[PDB]
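Take a look at the structure below.
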Amino acid sequence: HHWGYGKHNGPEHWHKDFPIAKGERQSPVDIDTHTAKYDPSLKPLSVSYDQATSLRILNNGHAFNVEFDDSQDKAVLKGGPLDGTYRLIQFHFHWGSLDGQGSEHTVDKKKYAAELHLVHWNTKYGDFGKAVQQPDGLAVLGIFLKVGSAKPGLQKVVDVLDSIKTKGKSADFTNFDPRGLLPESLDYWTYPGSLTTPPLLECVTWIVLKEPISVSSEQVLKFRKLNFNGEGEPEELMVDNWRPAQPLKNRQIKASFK
Ligand SMILES: [Br-]
Ligand SMILES: [Zn+2]
């Protein structure tokens, strides 16, 4: 039927409907820290989120998205390996049924419990659907989540999950500041890739933060309580909504640190 993460519709099946799945700049990939080239020409990232406006949280049946107002340059990313300004449109996570699995990216093959993704489109294209159709369309900043100490800043998110339990639910979600989700350090790896869920377009410049942030077991647990299914359908827990690592092929990973 339609794509998902189950046995019969899992990532191993996406190629049939989205041939791009076997393309050349597919994501995620394994980051090999010894083969990554430190490039001293990469500039520091620029995260301007002091003017962020969250609007809604929504369960889409594949993850939950926190959406922002992108009608104006309010929450932008610039700097790093990027040209022009990338506007914040939404953030969502990928996670697993267990703590030692959940992340999409991997580091020297180590998997983290979740991978937060912040998505931004290149303003040069006028709108997100136009950005997706360009090689330098989007910028995705990725951050790993390790189970440890709680993260105050993620708690407002955890708390509303109860109201968007099933596919199609949404809830007003204003005044959230995504600055609470950032690690102390902004060192990263960069490579040219794609969206990790269909349509798997190769329009992304990935920026993966070296340092992860901590979440308590309890916080992660509440992620594990959402459903894939719509209300009135048999319960399918939302878990393991991560794609496996893809072959790097003709690409280089560049670091912003030594
Ligand atoms: Br993604
Ligand atoms: Zn994602």
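Quick note on naming: the chains in the structure tokens go A, B, ... in the order shown, residues restart at 1 in each chain, and ligands are numbered from 1 in order of appearance.
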With only C-alpha atoms and all ligand atoms counted, collect every polymer residue having an atom within 9 Å of ligand 2; state the result as an MDAnalysis selection string. chainID A and resid 63 91:94 104 115:119 140 142 195:197 242
Using N, CA and C atoms, can you export the residues from the last selection as a compact mmCIF listing (two decimals), in the first residue's frame?
# COMPACT_ATOMS: atom_id res chain seq x y z
N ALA A 63 6.03 10.62 11.57
CA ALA A 63 6.79 11.28 12.63
C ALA A 63 5.89 12.42 13.13
N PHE A 91 10.58 21.01 12.17
CA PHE A 91 11.59 20.13 12.78
C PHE A 91 10.72 18.87 13.08
N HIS A 92 11.33 17.75 13.16
CA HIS A 92 10.78 16.45 13.45
C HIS A 92 12.04 15.60 13.83
N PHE A 93 11.73 14.49 14.43
CA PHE A 93 12.67 13.49 14.92
C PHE A 93 12.38 12.15 14.25
N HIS A 94 13.38 11.27 14.40
CA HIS A 94 13.38 9.89 13.99
C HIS A 94 13.82 9.09 15.28
N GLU A 104 19.48 8.18 12.32
CA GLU A 104 19.51 7.80 10.88
C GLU A 104 20.99 7.80 10.48
N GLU A 115 17.32 11.17 16.32
CA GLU A 115 18.05 12.21 15.47
C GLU A 115 16.97 13.26 15.19
N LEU A 116 17.20 14.39 15.78
CA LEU A 116 16.38 15.59 15.58
C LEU A 116 16.76 16.20 14.23
N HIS A 117 15.72 16.52 13.47
CA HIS A 117 16.05 17.22 12.17
C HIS A 117 15.37 18.57 12.01
N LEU A 118 16.13 19.66 11.79
CA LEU A 118 15.60 21.01 11.55
C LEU A 118 15.68 21.32 10.05
N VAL A 119 14.57 21.53 9.37
CA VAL A 119 14.56 21.71 7.90
C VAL A 119 14.39 23.14 7.45
N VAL A 140 19.61 20.79 5.98
CA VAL A 140 18.97 20.09 7.17
C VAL A 140 19.97 20.06 8.29
N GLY A 142 21.34 18.34 11.46
CA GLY A 142 20.94 17.12 12.22
C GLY A 142 21.61 17.06 13.55
N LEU A 195 16.39 13.94 1.10
CA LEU A 195 15.39 13.75 2.18
C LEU A 195 15.50 12.26 2.48
N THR A 196 15.20 11.89 3.73
CA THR A 196 15.34 10.55 4.17
C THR A 196 14.01 9.79 4.15
N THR A 197 12.95 10.49 3.85
CA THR A 197 11.61 9.86 3.61
C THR A 197 11.25 10.24 2.17
N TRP A 242 13.15 5.26 11.11
CA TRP A 242 14.47 5.62 10.62
C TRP A 242 14.83 4.75 9.44
With only C-alpha atoms as the counted atoms, please give the residues lying no more than 8 Å from range 46-61 of chain A, apart from itself and same-chain residues fewer than 4 positions off, as a ChimeraX atom specification. /A:65-69,74-80,164-179,227-230,238
Test item: residues at most 6 Å from range 147-158 of chain A, only C-alpha atoms, excluding those fewer than 4 positions along its chain, as number ranges by chain: A: 180, 214-217
In Å, with one decimal, what is the gap from CA of residue 241 in chain A to CA of residue 206 in chain A? 18.9 Å
Residue contacts of residue 15 in chain A (12 Å, only C-alpha atoms) excluding same-chain residues fewer than 4 positions away, as number ranges by chain: A: 3, 9-11, 19-23, 26, 197-200
Create the file for the chosen residues now, containing N, CA, C and O atoms and written as a PDB file, in the first residue's frame.
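Printed below is selection_21.pdb as written:
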ATOM      1  N   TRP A   3       3.893   3.772   1.605  1.00  0.00           N
ATOM      2  CA  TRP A   3       5.164   3.631   2.290  1.00  0.00           C
ATOM      3  C   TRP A   3       5.037   3.801   3.796  1.00  0.00           C
ATOM      4  O   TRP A   3       4.175   4.540   4.287  1.00  0.00           O
ATOM      5  N   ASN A   9       6.209  -2.568   3.882  1.00  0.00           N
ATOM      6  CA  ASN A   9       6.329  -1.250   3.236  1.00  0.00           C
ATOM      7  C   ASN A   9       7.547  -0.437   3.677  1.00  0.00           C
ATOM      8  O   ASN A   9       7.599   0.794   3.369  1.00  0.00           O
ATOM      9  N   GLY A  10       8.463  -1.098   4.343  1.00  0.00           N
ATOM     10  CA  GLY A  10       9.691  -0.536   4.895  1.00  0.00           C
ATOM     11  C   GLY A  10      10.619   0.030   3.825  1.00  0.00           C
ATOM     12  O   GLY A  10      10.415  -0.220   2.652  1.00  0.00           O
ATOM     13  N   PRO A  11      11.677   0.696   4.268  1.00  0.00           N
ATOM     14  CA  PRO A  11      12.637   1.356   3.376  1.00  0.00           C
ATOM     15  C   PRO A  11      13.167   0.502   2.257  1.00  0.00           C
ATOM     16  O   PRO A  11      13.529   1.020   1.179  1.00  0.00           O
ATOM     17  N   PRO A  19      12.067   5.489  -7.412  1.00  0.00           N
ATOM     18  CA  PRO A  19      13.299   4.890  -7.967  1.00  0.00           C
ATOM     19  C   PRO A  19      14.524   5.640  -7.502  1.00  0.00           C
ATOM     20  O   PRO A  19      15.635   5.094  -7.453  1.00  0.00           O
ATOM     21  N   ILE A  20      14.314   6.892  -7.119  1.00  0.00           N
ATOM     22  CA  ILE A  20      15.401   7.728  -6.664  1.00  0.00           C
ATOM     23  C   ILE A  20      16.119   7.175  -5.432  1.00  0.00           C
ATOM     24  O   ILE A  20      17.217   7.684  -5.168  1.00  0.00           O
ATOM     25  N   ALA A  21      15.446   6.262  -4.733  1.00  0.00           N
ATOM     26  CA  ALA A  21      15.890   5.603  -3.561  1.00  0.00           C
ATOM     27  C   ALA A  21      17.278   4.945  -3.802  1.00  0.00           C
ATOM     28  O   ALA A  21      17.993   4.781  -2.808  1.00  0.00           O
ATOM     29  N   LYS A  22      17.559   4.592  -5.043  1.00  0.00           N
ATOM     30  CA  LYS A  22      18.841   3.957  -5.386  1.00  0.00           C
ATOM     31  C   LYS A  22      19.771   4.954  -6.078  1.00  0.00           C
ATOM     32  O   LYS A  22      20.833   4.546  -6.569  1.00  0.00           O
ATOM     33  N   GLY A  23      19.420   6.209  -6.053  1.00  0.00           N
ATOM     34  CA  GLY A  23      20.208   7.293  -6.658  1.00  0.00           C
ATOM     35  C   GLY A  23      21.592   7.375  -5.994  1.00  0.00           C
ATOM     36  O   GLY A  23      21.972   6.623  -5.111  1.00  0.00           O
ATOM     37  N   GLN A  26      21.870   9.826  -1.969  1.00  0.00           N
ATOM     38  CA  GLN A  26      20.943   9.326  -0.958  1.00  0.00           C
ATOM     39  C   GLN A  26      21.491   9.414   0.453  1.00  0.00           C
ATOM     40  O   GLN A  26      22.702   9.292   0.823  1.00  0.00           O
ATOM     41  N   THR A 197      12.947  10.489   3.849  1.00  0.00           N
ATOM     42  CA  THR A 197      11.614   9.859   3.615  1.00  0.00           C
ATOM     43  C   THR A 197      11.247  10.236   2.174  1.00  0.00           C
ATOM     44  O   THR A 197      11.791  11.266   1.702  1.00  0.00           O
ATOM     45  N   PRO A 198      10.418   9.441   1.510  1.00  0.00           N
ATOM     46  CA  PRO A 198       9.968   9.750   0.158  1.00  0.00           C
ATOM     47  C   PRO A 198       9.416  11.175   0.172  1.00  0.00           C
ATOM     48  O   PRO A 198       8.843  11.606   1.221  1.00  0.00           O
ATOM     49  N   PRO A 199       9.518  11.910  -0.918  1.00  0.00           N
ATOM     50  CA  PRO A 199      10.076  11.534  -2.206  1.00  0.00           C
ATOM     51  C   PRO A 199      11.586  11.393  -2.356  1.00  0.00           C
ATOM     52  O   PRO A 199      12.073  11.269  -3.532  1.00  0.00           O
ATOM     53  N   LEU A 200      12.301  11.378  -1.274  1.00  0.00           N
ATOM     54  CA  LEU A 200      13.752  11.194  -1.194  1.00  0.00           C
ATOM     55  C   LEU A 200      14.528  12.079  -2.188  1.00  0.00           C
ATOM     56  O   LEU A 200      15.512  11.586  -2.802  1.00  0.00           O
TER      57      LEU A 200
END
Nearest to ligand 1: which of A:13, A:7, A:105, A:124 is it, counting only C-alpha atoms and all ligand atoms?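 Once distances to ligand 1 are computed over only C-alpha atoms and all ligand atoms, the minimum belongs to A:105.
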Judged by only C-alpha atoms and all ligand atoms, the minimum distance to ligand 1 among A:194, A:41, A:62, A:125 is found for A:194
Taking the chain letters and numbering used in this document, name the residues of range 36-152 of chain A that DSSP puts in alpha helix (DSSP H), as a PyMOL selection string. chain A and resi 128-131
Suppose we keep N, CA, C and O atoms; can you now write the selection as an mmCIF file, in the first residue's frame?
data_model
loop_
_atom_site.group_PDB
_atom_site.id
_atom_site.type_symbol
_atom_site.label_atom_id
_atom_site.label_comp_id
_atom_site.auth_asym_id
_atom_site.auth_seq_id
_atom_site.Cartn_x
_atom_site.Cartn_y
_atom_site.Cartn_z
ATOM 1 N N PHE A 128 9.030 26.503 -0.399
ATOM 2 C CA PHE A 128 9.567 25.191 -0.119
ATOM 3 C C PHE A 128 9.399 24.233 -1.288
ATOM 4 O O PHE A 128 10.384 23.480 -1.572
ATOM 5 N N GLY A 129 8.268 24.164 -1.917
ATOM 6 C CA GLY A 129 8.063 23.182 -3.040
ATOM 7 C C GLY A 129 8.954 23.463 -4.248
ATOM 8 O O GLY A 129 9.168 22.596 -5.113
ATOM 9 N N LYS A 130 9.444 24.672 -4.325
ATOM 10 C CA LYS A 130 10.335 25.094 -5.432
ATOM 11 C C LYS A 130 11.788 24.668 -4.940
ATOM 12 O O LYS A 130 12.422 24.087 -5.821
ATOM 13 N N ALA A 131 11.975 24.932 -3.636
ATOM 14 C CA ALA A 131 13.319 24.562 -3.084
ATOM 15 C C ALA A 131 13.584 23.102 -3.290
ATOM 16 O O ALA A 131 14.742 22.769 -3.704
#
Do you know which residues are at most 8 Å from residue 211 in chain A counting only C-alpha atoms, after dropping those on the same chain fewer than 6 positions away, and could you put them as a PyMOL selection string? chain A and resi 143-144+183-187
